[PDB]
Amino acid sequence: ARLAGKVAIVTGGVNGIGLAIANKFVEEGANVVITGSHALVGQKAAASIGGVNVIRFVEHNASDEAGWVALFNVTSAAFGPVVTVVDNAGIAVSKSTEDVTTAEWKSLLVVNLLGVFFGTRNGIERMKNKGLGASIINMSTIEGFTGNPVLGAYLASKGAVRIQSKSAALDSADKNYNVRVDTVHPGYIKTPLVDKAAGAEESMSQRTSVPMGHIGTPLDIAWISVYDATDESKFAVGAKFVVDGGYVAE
């Protein structure tokens, strides 16, 4: 019951970290809408967690600005006023800054940065001043703190989310909106996508990368997001929550 009465939107909620967030949110009493681009993936994901009284899928691309107000409307029609937004949808491009095409740059930033902007802006407007204990959780990354030579556009996007979220936190705090905004910074997490890239988990598990010598699992990110969605974290805003196996500590 740590999220009793909460109503959450989790973007990119049909896979990996987003799916585990959705799963533990439902376990703790939240009602959840998960979004993703692919209907078969999303419908399967939602039903794996529960029935439509607690979780529903909505097909939505986080870069689709017009779809964001309709996503809030669909969620509110199902479950009542939204209290919690998890901006987790994202894509990755394996290119250095030098090698990034302008098309790749714009495509990644449209999801990773504009999508987080759209969800954060709308979340503040739709959740402020309602006594909801509202919480916006923006998914950055260890790549919001440190560079990676082969993730130039992804670093830009995660650095932007990191500091934009502080602006939003501050405005919400100063205006007594009853909205908190924080960032979560996963390290490497094992998912079916990582499993599809031969050698990725072993590269990520080297001690010079992750000092724990292994990578995490989606629930590792789900539990910090439960804390941040809950009223337990009512004094936490504008902060960065790193769950990375020690990556950024060295």
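Residue indices: 1-based, along the sequence shown.
**Q** Averaging C-alpha B-factors over each stretch, which comes out higher, 23-31 or 187-195?
**A** Between 187-195 and 23-31, it is 187-195 that shows the higher mean C-alpha B-factor.
**Q** Between 88-96 and 168-176, name whichever shows the higher mean Cα B factor according to the PDB entry.
**A** Here the higher of the two C-alpha B-factor means belongs to 88-96.
**Q** Among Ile163, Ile136, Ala153, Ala78, single out the one with the highest C-alpha B factor in the record, please.
**A** Spelled out: the listed residue with the top C-alpha B-factor is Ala78.
**Q** Per the entry's values, where does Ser157 land by CA temperature factor relative to the rest of its chain, in the lowest, middle or highest third?
**A** It belongs to the lowest third of the chain when residues are ordered by C-alpha B-factor.
**Q** Lowest, middle or highest third: where is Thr146 by Cα B-factor in its chain?
**A** Tercile = middle for this residue's CA B-factor.
**Q** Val111's Cα B-factor: lowest, middle or highest third of the chain?
**A** Top third by C-alpha B-factor.
**Q** Ranking the modelled residues of this chain by C-alpha B-factor as given in the entry, is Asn129 in the lowest, middle or highest third?
**A** Top third by C-alpha B-factor.
**Q** Ranking every modelled residue in this chain by its Cα temperature factor as given in the entry, which third contains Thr230?
**A** Lowest third - that is where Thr230 ends up once the chain's C-alpha B-factors are sorted.
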